[PDB]
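Residue numbers (the authors' numbering), protein chains in the order written: chain D, 19 to 119; chain A, 4 to 17, 19 to 121; chain C, 21 to 120; chain F, 20 to 116; chain B, 21 to 121; chain E, 2 to 17, 19 to 121.
For each residue, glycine too, the CB sits at the ideal point set by N, CA and C.
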Amino acid sequence: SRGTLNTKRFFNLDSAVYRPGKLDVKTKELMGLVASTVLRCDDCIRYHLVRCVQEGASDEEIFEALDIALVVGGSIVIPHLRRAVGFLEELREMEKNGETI
Amino acid sequence: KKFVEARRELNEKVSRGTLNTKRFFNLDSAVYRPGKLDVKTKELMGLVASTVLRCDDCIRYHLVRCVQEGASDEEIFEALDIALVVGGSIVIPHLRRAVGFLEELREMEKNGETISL
Amino acid sequence: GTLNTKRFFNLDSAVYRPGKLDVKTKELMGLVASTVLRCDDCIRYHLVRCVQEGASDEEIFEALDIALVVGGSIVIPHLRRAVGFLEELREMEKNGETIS
Amino acid sequence: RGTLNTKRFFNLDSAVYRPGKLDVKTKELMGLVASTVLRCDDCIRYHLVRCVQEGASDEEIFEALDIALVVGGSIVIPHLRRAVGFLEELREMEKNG
Amino acid sequence: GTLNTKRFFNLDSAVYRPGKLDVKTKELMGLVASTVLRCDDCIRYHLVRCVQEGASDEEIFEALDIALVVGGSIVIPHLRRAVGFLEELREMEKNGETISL
Amino acid sequence: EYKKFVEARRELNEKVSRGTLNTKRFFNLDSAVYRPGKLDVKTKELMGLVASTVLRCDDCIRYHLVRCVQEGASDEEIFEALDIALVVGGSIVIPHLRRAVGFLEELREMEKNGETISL
Numbered sequence: 019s020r021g022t023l024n025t026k027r028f029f030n031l032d033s034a035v036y037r038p039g040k041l042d043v044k045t046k047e048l049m050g051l052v053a054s055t056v057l058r059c060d061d062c063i064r065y066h067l068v069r070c071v072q073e074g075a076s077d078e079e080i081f082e083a084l085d086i087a088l089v090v091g092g093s094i095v096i097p098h099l100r101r102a103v104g105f106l107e108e109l110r111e112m113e114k115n116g117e118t119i
Numbered sequence: 004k005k006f007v008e009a010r011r012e013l014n015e016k017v019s020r021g022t023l024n025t026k027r028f029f030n031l032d033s034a035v036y037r038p039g040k041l042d043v044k045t046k047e048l049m050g051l052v053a054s055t056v057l058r059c060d061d062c063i064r065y066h067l068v069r070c071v072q073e074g075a076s077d078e079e080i081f082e083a084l085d086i087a088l089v090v091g092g093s094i095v096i097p098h099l100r101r102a103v104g105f106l107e108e109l110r111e112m113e114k115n116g117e118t119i120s121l
Numbered sequence: 021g022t023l024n025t026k027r028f029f030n031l032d033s034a035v036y037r038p039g040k041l042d043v044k045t046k047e048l049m050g051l052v053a054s055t056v057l058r059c060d061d062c063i064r065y066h067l068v069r070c071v072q073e074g075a076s077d078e079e080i081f082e083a084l085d086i087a088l089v090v091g092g093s094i095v096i097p098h099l100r101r102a103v104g105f106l107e108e109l110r111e112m113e114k115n116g117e118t119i120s
Numbered sequence: 020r021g022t023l024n025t026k027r028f029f030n031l032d033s034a035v036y037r038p039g040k041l042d043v044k045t046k047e048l049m050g051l052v053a054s055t056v057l058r059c060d061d062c063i064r065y066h067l068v069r070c071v072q073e074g075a076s077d078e079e080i081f082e083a084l085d086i087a088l089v090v091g092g093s094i095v096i097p098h099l100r101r102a103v104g105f106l107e108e109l110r111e112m113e114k115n116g
Numbered sequence: 021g022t023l024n025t026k027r028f029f030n031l032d033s034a035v036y037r038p039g040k041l042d043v044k045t046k047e048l049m050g051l052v053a054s055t056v057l058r059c060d061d062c063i064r065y066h067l068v069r070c071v072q073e074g075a076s077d078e079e080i081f082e083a084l085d086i087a088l089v090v091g092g093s094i095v096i097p098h099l100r101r102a103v104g105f106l107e108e109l110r111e112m113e114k115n116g117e118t119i120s121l
Numbered sequence: 002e003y004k005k006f007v008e009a010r011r012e013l014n015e016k017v019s020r021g022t023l024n025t026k027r028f029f030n031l032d033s034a035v036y037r038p039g040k041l042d043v044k045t046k047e048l049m050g051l052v053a054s055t056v057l058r059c060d061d062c063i064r065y066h067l068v069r070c071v072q073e074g075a076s077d078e079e080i081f082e083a084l085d086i087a088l089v090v091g092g093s094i095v096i097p098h099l100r101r102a103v104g105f106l107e108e109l110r111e112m113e114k115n116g117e118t119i120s121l
């Protein structure tokens, strides 16, 4: 009803490339974060931030990743970076209140 | 060879440019120094960003650094796969070049020729 | 704007008028370009036009799949929104409402 | 929030628009052009405010936006529409104080 | 590469197979996408396929005009290259030289 | 390389022979938006340079550098513009900024040598 078999296979491949191999899942989700930030996709950034938090990334790990995206992608990324840090703070508050992420 | 030479010459000039240009280049270096993320990981992140943004010289630079910091071909390829799926088939020409360059770096390693910048 | 702005807007309209390529084809091209460049308002515009010119959901989906593979999984949020807007258009159609 | 590197980068972003051989109005117009071709609404809004503060006329702004339009393609049109809407807002504020 | 790399390449081929849109049309769409995204090797690939599938120069130019207007004057160097390459393919066609990938 | 740049531009415009009316209109608009108005030509060409740099188009960068030099821009003015492009567009701009500086050096050497800079 929505899309084709090719669409479905592509979405599946997008999930698959973030599964752990020689690189662990936290590392791959941090890479997804970096790519999503330099390409300036807010929904993608939010998805990978959630995953990073779920996989036990620290705020400092996330910040150091975001800094690489900022330098590579330029000051044009700043509004997205700002939104990312704000969303991370919401996630940490949920954690402190015992809400499932 | 050339790649290395041209990088040095650029940093030599960045005499020319401004204080702001110098400051930028210094930050570009700084953000890959070790923190809670180790330098291998940061250099792999640089590789991913460089690849999705389709900058061949950037790709080359971060491939060198990833090899220097002990990343395996399998680690590199897992990172390049994320870049490929996220950035699309337009990434393919860059991936092809990345793999050619990695093979050259591995041949240098095989022969004891130090991978330097 | 200026005289230049008007001239540019006029060219943007003109390039989708049919020639050896028919209008459905050109509007589907507009949709593909809009999707890989991730412009929601552009996507919406060309979706309306594709529907107006008789494109089927399948033709639209086949085009969106090219944009997805060429442009990468970074386009997924826009593709999702494209399909949602198409469904809205189809529902308008079934309710006897005009796609203008 | 962030690191010392983040702070330094934000500082550098401010610094590059300080006057030199190019005046601040010119530099802010360049930021406007860059922000428009790159399709960043928050960036466009920022540099519009600065352009207005530095005395740029609507005609100056329009001539800059035309460059961004041609360079960046018709894909920039939604952003150009929003820029102009926001410029009109700033001019109304100017009229009213 | 990996199984995921292989799957991605398989999907890249698959999305151009005939459906309700014919292959000529799909390859022209590939051309437009490749051009606005300024990938020269991708443009060359799709030009070869367009030519192989019987597109005319006028059809190709109408497509390139969409990409030019949508993607901007930054596209011009790529359009120049595309037209040079197309002229090479037409010379091959004139000369009865098989065009194959 | 400057000479190569000039001849390829020449041949393309000659070819835009095969352009549709739409292609020709677009090219004319591309020239028109840099003609002076309330903003002067040096300013508009410096904007073209900034836009071309953050979008990472080498031939476009080269074209606007020629025009900036022709219109009497200084290296300092050009570098202040390129710094905006670098910060905004990120370190992926660096390879292009390197090429830009190299090309500017070639133009300055032509100028020193009394060699006409033309397109």
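Would you mind sorting residue i into buried or exposed? The rule is 16 or more other CB atoms within 10 Å of its CB.
| i | result |
| --- | --- |
| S54 of chain C | buried |
| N30 of chain B | exposed |
| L121 of chain B | exposed |
| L57 of chain E | buried |
| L13 of chain A | buried |
Do you know offhand how far residue i's Cα is from residue j's?
| i | j | result |
| --- | --- | --- |
| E108 of chain B | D60 of chain B | 15 Å |
| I63 of chain D | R100 of chain D | 11 Å |
| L84 of chain E | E8 of chain A | 23 Å |
| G21 of chain C | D32 of chain E | 16 Å |
| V68 of chain D | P97 of chain C | 16 Å |
| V90 of chain E | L23 of chain F | 19 Å |
| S19 of chain E | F6 of chain E | 20 Å |
| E15 of chain E | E117 of chain A | 50 Å |
| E2 of chain E | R11 of chain A | 21 Å |
| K4 of chain A | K4 of chain E | 27 Å |
If distances are taken between C-alpha atoms only, which option among the options comes closest to residue i?
| i | options | result |
| --- | --- | --- |
| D42 of chain D | A:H98, A:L48 and A:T22 | A:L48 |
| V103 of chain C | C:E117, C:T118, C:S76 and C:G92 | C:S76 |
| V95 of chain A | C:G92, C:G116 and C:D85 | C:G92 |
| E78 of chain B | C:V71, C:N24, C:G116 and C:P38 | C:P38 |
| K114 of chain A | A:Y65, A:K4, A:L84 and A:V71 | A:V71 |
| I119 of chain C | C:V90, C:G21 and C:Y65 | C:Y65 |
Flag this pair as yes or no: are the beta carbons of residue i and residue j separated by less than 8 Å?
| i | j | result |
| --- | --- | --- |
| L51 of chain F | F28 of chain C | no |
| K44 of chain E | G74 of chain E | yes |
| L106 of chain A | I80 of chain A | yes |
| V17 of chain A | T25 of chain A | yes |
| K40 of chain E | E111 of chain F | no |
Can you list the residues of chain I that residue i reaches, using a CB-CB cut of under 8 Å?
| i | result |
| --- | --- |
| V52 of chain B | Here the protein chains are D, A, C, F, B and E, and chain I is not one of them. |
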